[PDB]
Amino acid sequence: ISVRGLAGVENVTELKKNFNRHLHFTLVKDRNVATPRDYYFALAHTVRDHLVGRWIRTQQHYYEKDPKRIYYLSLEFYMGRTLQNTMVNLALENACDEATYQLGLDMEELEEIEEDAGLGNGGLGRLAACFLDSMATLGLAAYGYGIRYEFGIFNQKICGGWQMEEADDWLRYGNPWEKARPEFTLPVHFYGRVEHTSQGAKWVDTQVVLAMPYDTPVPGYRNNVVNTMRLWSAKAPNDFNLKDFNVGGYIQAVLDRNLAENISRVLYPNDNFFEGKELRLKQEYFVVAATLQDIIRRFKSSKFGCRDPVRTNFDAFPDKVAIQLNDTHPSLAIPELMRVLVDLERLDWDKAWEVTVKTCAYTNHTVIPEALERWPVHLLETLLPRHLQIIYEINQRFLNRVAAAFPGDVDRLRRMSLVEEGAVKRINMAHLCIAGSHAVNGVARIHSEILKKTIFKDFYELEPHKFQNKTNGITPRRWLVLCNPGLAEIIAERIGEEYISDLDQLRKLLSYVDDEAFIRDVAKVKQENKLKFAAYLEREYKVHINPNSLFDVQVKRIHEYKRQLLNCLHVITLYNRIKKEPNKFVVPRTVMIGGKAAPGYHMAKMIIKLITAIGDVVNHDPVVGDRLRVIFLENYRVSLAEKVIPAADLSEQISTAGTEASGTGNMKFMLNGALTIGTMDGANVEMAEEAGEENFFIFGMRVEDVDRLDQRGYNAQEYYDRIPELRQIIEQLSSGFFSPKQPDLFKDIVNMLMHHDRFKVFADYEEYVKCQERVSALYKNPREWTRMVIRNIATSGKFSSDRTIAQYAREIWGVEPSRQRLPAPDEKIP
């Protein structure tokens, strides 16, 4: 059937009886009233049963061996479905496929029933999920720490071509993969005031919120390791949230509990954009405060909570603990670690600070200013008064270091300050993270250089040893074996299975680039993937597409910097050239654009409407026929990404040079047989450097040309004046050619493009359509298109998150990865 494992005689029988055990005892149902959702839950429990033994022994193992622990703090974990991924890393896929077949069920139909764990917005959240998978596969004692939102990223709906947002009640029917640990509840404080008494400060008169943890197992790939993702949930204390007496009403007091619990209620839907709301900051401190007490409690047990030098010596703290900050969201970990170490444990400032800097590391994910976290001082002052004092003291000592290092440079002083003066004073969280971490990294070579050369130049001059690079990566398990079993099979038929946990081996596929059988195969799985997606489109969304055309797809969050608009202009150009010469031959294309817009992002929502508007005209022009279809992919999420990517021919990564830190969708496409048309931005540079530029479709300005244009001054009118085809499009948008009933509907987009285009869309237009003509020419030659594809796939090995994690571990955390199988799952009950 494929190498989804073995379908052993005894195991398929065992799986079947356990499926039935659960349908009966767990779901309280009988085959006569069980719905597909019941069957999915019976399977979920049956599979989940296989990792409880491993989970207990892994955790038990880390306790006995006591290695250095890695803690990944992120306010986002974009996990997706988890049934298939668990079967994959456990080698249960074929067994479970057989077992359900015999029970008369379709396993694929059942997997579609599982809800996505959408606790993330996009790139940042998915990276943490991939990292988790890699850290388990590499045998690292790691824990993911975050928040358990009952409502994740909103479900996107298209109404009249407009995006509509609807609550993501993903827990509605239950989450079989989480394990509530009520017995580990912790208290988090808010507000209050600071009292300075004899032997130290005291944070007093605080409001308490309880933090209840829910653990989700994270299984390593076929190595019997199961790590833990701990997500906190807000719970109201039953005392004060009722006990603070003297009228108000008893009923009201109970109802008002949903005020303390609103903290873990919903995820903020912003991607690469900062919104300074109090509720956000509360979530940020909530995850930080609970996680730290948990980390310190675990440390106090270790082997110190037995003997060792005897005396709670936090000197060894950094030898046993490493906490990674995914962006600046969990940045309050720095001042909170100081609060505990100094205010509670009573360490002297300097020892506390040495410890903090040595255990904390920070990862930067973007350079656009509107994404930077600058919290108003009055907010931190009301909510976390003690933390504000600590930040001031950290700032004081840091600026003293600066003044010493660069005497008289008064401007460098104000530029480097953690406290920004002006309208309202604010705290620059990124500056805080640099000062309190022993390492700061970019997510791609180009982005990391931009950090040192631009944004954090002053810091790089002060402490150069701190800045590193860690190019992102994706996990080959979910992004190859799970979503593209076909391509994974034909690759394994030739080079083995060892590449699944050592992607570098894909390079061996290079020697099959001239193999007639392989070329036919690689091409065959892509055709099968395209046919299946084409089917899915009519099944769940309904309105046909031609599977023989080139599948042009750009899927990611909708942003001005990602330039979905530039893709739009190319689509209109194609349409116009067809209408001009109808009986001329052109390579058929199905351009698919998908992604969610943040609810408050007006321009982004206007772009979605443009895209659907364009498809309304194009898809109904009889002269166009089936040569050009413009389709907007609804509700783009992880599970949907697993469907499109394997079916794509052209991956669109056209952000303005210097704006996309790294990108990860680009890597997903490269590994699944799509060719890439993009700019020299983020990881794109390293990808084309790995495949060779001849095997990539690069175009547009490079970082340097963008800066040259900025010195000169960007004027859109020039491009509009010199390019007739461009002018025609803009006049088509202005006159209402795409919005008849509302002729001025897109005046906002045209205005922006012409007068305030921060991402110089027009500047890259000519080179973009010229380059698109080249891919169309290569597509016309199936054999040569496929061979280039093989060059990309065979050369994507470097973008596996296992490589990224091995680097973080070795160069930042100080731990050695290991591909050693943990001692079987075998029963055991001590």
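Residue indices: 1-based, along the sequence shown.
Asker: Comparing 210-218 with 537-545, which has the greater mean CA B-factor as deposited?
Answerer: Per the deposited B-factors, the answer is 537-545.
Asker: Comparing 33-41 with 793-801, where is the mean C-alpha B-factor higher?
Answerer: Mean CA B-factor is higher for 33-41.
Asker: If you compare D552, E108, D169, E449, which has the highest Cα B-factor in the entry?
Answerer: That would be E108.
Asker: Take the CA temperature factors straight from the PDB entry and tell me which of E150, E195, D116, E652 peaks.
Answerer: Reading the PDB entry, the winner on C-alpha B-factor is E195.
Asker: Could you place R821 in the lowest, middle or highest third of its chain by Cα temperature factor, using the values in the record?
Answerer: Ranked within chain, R821 CA B lands in the highest tercile.
Asker: Relative to the other modelled residues of the same chain, rank the CA B-factor of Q807 and answer lowest, middle or highest third.
Answerer: It belongs to the lowest third of the chain when residues are ordered by C-alpha B-factor.
Asker: Which third, lowest, middle or highest, does the CA B-factor of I730 fall in along this chain?
Answerer: Highest third.
Asker: Rank-wise, by C-alpha B-factor, drop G422 into the lowest, middle or highest third of its chain.
Answerer: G422: CA B-factor falls in the highest third of its chain.
Asker: Would you mind checking where the Cα B-factor of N715 ranks among the modelled residues of its chain, as the lowest, middle or highest third?
Answerer: According to the entry, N715 has a C-alpha B-factor in the chain's highest third.
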